[PDB]
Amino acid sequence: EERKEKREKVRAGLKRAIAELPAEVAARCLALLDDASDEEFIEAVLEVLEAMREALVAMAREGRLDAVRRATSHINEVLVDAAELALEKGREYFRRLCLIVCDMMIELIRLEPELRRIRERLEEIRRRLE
């Protein structure tokens, strides 16, 4: 039963994250989230996550370092429940999240001027999963 609970919590944090995006991408991520039934959900989450990773890196090179922060924080508050659900449907669904989320933050860290410690752990967690 708790699958539905964790799905609404992932639906909530991702919505709050998407609200920090431009309206062009905030439309597709929002339609993919709400037109995916209940078993493509994790696929839509990984789709919305891949579009978000695509979005936040462009704004990070622009100077929108505050929107990327506010957006990723909402990605963070649902990162554990998304991995648990993705692990419930398949070990590959777990691994897809890091390759999105881990790769997202890594490029976000590799863009901001002036911690390599976090970049370091993110790379190995990617390697250890690969």
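Residue indices: 1-based, along the sequence shown.
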(request) Scan the PDB entry between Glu114 and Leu115 and report the missing deposited residues as one of none, 1 to 3, 4 to 9, 10 or more. (result) 4 to 9
(request) Averaging only over Cα atoms, indicate whether 78 to 86 or 34 to 42 has the higher B-factor in the PDB entry. (result) 34 to 42
(message) Just to confirm, going by the entry's C-alpha B-factors, which of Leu49, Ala58, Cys98, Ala71 comes out highest?
(response) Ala58
(request) Consider only the C-alpha atoms of the modelled residues in this chain, order them by B-factor as the entry records it, and name the third containing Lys15: lowest, middle or highest. (result) lowest
(request) Taking the values exactly as deposited, rank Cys102 by C-alpha B-factor within its chain and report the matching third: lowest, middle or highest. (result) lowest
(message) Lowest, middle or highest third: which one holds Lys4 when the chain's residues are ordered by CA B-factor from the entry?
(response) highest
(message) Please place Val25 in the lowest, middle or highest third of its chain according to the CA B-factor in the PDB entry.
(response) highest
